[PDB]
Amino acid sequence: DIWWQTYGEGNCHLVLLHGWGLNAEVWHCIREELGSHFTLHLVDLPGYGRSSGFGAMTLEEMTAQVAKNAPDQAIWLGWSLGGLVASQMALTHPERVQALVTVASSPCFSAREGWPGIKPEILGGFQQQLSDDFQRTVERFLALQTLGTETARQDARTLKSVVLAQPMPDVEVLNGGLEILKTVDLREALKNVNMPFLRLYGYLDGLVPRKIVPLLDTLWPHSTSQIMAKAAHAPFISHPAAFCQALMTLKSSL
Ligand SMILES: [Cl-]
């Protein structure tokens, strides 16, 4: 079964989805601040963290499992890979999604024609590297997410601690997750979501290039965006106050 946790007692439900190679413990730093304003629903994505017994899955397969024991109605907030899951949830069960929020996430992580992103050969390299250098490879992908910030060292340690505090997922699971990043492109599909859609980014993010923000402001006219100036790929860790404020403003606007 998929591991779900409820935290807090706020009058708006908020689902929080973590990124690749991690688990819901990444949200520990913002729980207290958010818990009076939201009831939080924290999930370990299938195959990750405490959600054992799953193998490689496509985004479609993964989201359908996450949906099973998710709350009836909530804001859905996804970080990085979690942002793809939240997006797919908005596309499949719009009546269950009060608002879609992505944080440091792209609808298409891989660079393509006219589209900034990660070279797909780089993601393929990480996949290949998992076979013989499993632990360091996971850590090397995570190490990219905190660079250039005021709190880079501390924040990289935070993510590494999250990884090390639980058993490692199966290589199959991790390889499959990179395949989702490498192959999924939700740019066209997301034009059609009609609930509030807020996209948060870190200016210094080395995985999700800030150049995509104006491209998507134009491609997705119903959506809105905010760039945190001094944050990289984990803005809720480096800048929890600004992150929480964005969610307050969203909550009031529903
Ligand atoms: Cl990710």
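Taking UniProt numbering, I'd label the letters of the sequence shown as residues 3 to 256. For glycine and all other residues, C-beta sits at the position ideal for the given N, C-alpha and C.
**Prompt:** Starting from residue 89 and walking both ways along the alpha helix (DSSP H), at which residues does that stretch end?
**Reply:** For the purposes of this step, residue 89 is identified with residue 87 of the sequence shown, where counting begins at 1. Unbroken alpha helix (DSSP H) run through residue 89: 83-94.
**Message:** Just to confirm before moving on: does the CB-CB distance between residue 45 and residue 6 stay below 8 Å?
**Reply:** For the purposes of this step, residue 45 is taken as the residue at position 43 of the sequence shown. For the purposes of this step, residue 6 is taken as the residue at position 4 of the sequence shown. Between residue 45 and residue 6, the gap from beta carbon to beta carbon is short of 8 Å.
**Request:** May I ask you to list the residues that DSSP assigns as paired with residue 199?
**Result:** Position 197 of the sequence shown, counting from 1, holds the residue named residue 199. According to DSSP, residue 199 bridges with 102.
**Message:** Going by DSSP in three states, residue 29 sits in which element: helix, strand or coil?
**Reply:** Within the sequence shown, residue 29 is the residue found at index 27, counting from 1. DSSP places residue 29 within a helical segment (H, G or I) once states are collapsed to three.
**Item:** Rounded straight-line distance, which links the Cα of residue 111 to that of residue 133
**Value:** Position 131 of the sequence shown holds residue 133. Position 109 of the sequence shown holds residue 111. Between residue 133 and residue 111, the alpha-carbon positions lie close to 22 Å from each other.
**Message:** Closer than 7 Å to a non-hydrogen atom of ligand 1 - does that hold for the CB of residue 21?
**Reply:** The sequence position of residue 21 within the sequence shown is 19, counting from 1. Set against 7 Å, the gap from the CB of residue 21 to the closest heavy atom of ligand 1 is smaller.
**Prompt:** In this structure, what does DSSP give as the bridge partners for residue 76?
**Reply:** Residue mapping note: residue 76 aligns to position 74 of the sequence shown, counting from 1. Residue 76 is bridged to 99.
**Prompt:** Who pairs with residue 17 in a beta bridge, going by DSSP?
**Reply:** Locating residue 17 in the sequence shown gives position 15, counting from the first residue. The partner list for residue 17 (beta bridge, DSSP) reads 43 and 78.
**Closer than 7 Å: residue 183 CB and nearest ligand 1 heavy atom** = Locating residue 183 in the sequence shown gives position 181, where the first residue counts as 1. Distance from the C-beta of residue 183 to the nearest heavy atom of ligand 1 is below 7 Å.
**Item:** Among 75, 140 and 174, nearest to residue 21 - alpha-carbon criterion
**Value:** Translated into positions along the sequence shown, residue 21 becomes position 19. Here the closest residue by C-alpha is 140.
**Message:** Could you check if residue 149 belongs to the surroundings of ligand 1, using beta carbon to heavy atom distance under 7 Å?
**Reply:** Along the sequence shown, read from residue 1 onward, the residue named residue 149 stands at position 147. Checking every heavy atom of ligand 1 against the Cβ of residue 149, none is found closer than 7 Å.
**Prompt:** To the nearest whole angstrom, what separates the beta carbons of residue 266 and residue 188, a pair I think is in contact under 8 Å?
**Reply:** There is simply no residue 266 to check, as the chain begins at 3 and stops at 256 in what is shown.
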